[PDB]
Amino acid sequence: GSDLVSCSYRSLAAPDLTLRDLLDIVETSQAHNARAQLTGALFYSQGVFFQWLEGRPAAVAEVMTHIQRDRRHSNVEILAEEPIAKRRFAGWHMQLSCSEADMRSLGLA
């Protein structure tokens, strides 16, 4: 609605990140983002995360304080809140992008 903001960041996955860790992150994010009216997209490849999160300012800032402390990634490199006129990922609580090749290495680890 009226007040909508986006947050974008790039982080580095913990060296020991497993496939189960990624699925945990995604399941956790589905449940919470749906309750908090947060949407966006999570991209994972070869130890690199990129996330776009969108919603009201408070929900975005509250979820980001937790994401920054999460021990499954480091070097969280943030882009200040940008005002947005409308959601880009409406109905996607957290859309995952993860190739078969990344699935294979995360699993075989």
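Residue positions are given as counts along the sequence shown, with the first one as 1.
For the segment pair 74-82 and 23-31, the entry gives 74-82 the higher mean B-factor, averaged over Cα atoms. Residue-level temperature factors show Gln68 in the highest third of its chain, judged at the C-alpha atom. Among all modelled residues in this chain, the alpha-carbon of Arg88 has a temperature factor (C-alpha) in the middle third. For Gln95, the recorded CA temperature factor ranks within the highest third of the chain's modelled residues.
For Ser105, the recorded CA temperature factor ranks within the highest third of the chain's modelled residues. Ranked by C-alpha B-factor against the other modelled residues of its chain, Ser8 falls in the lowest third.
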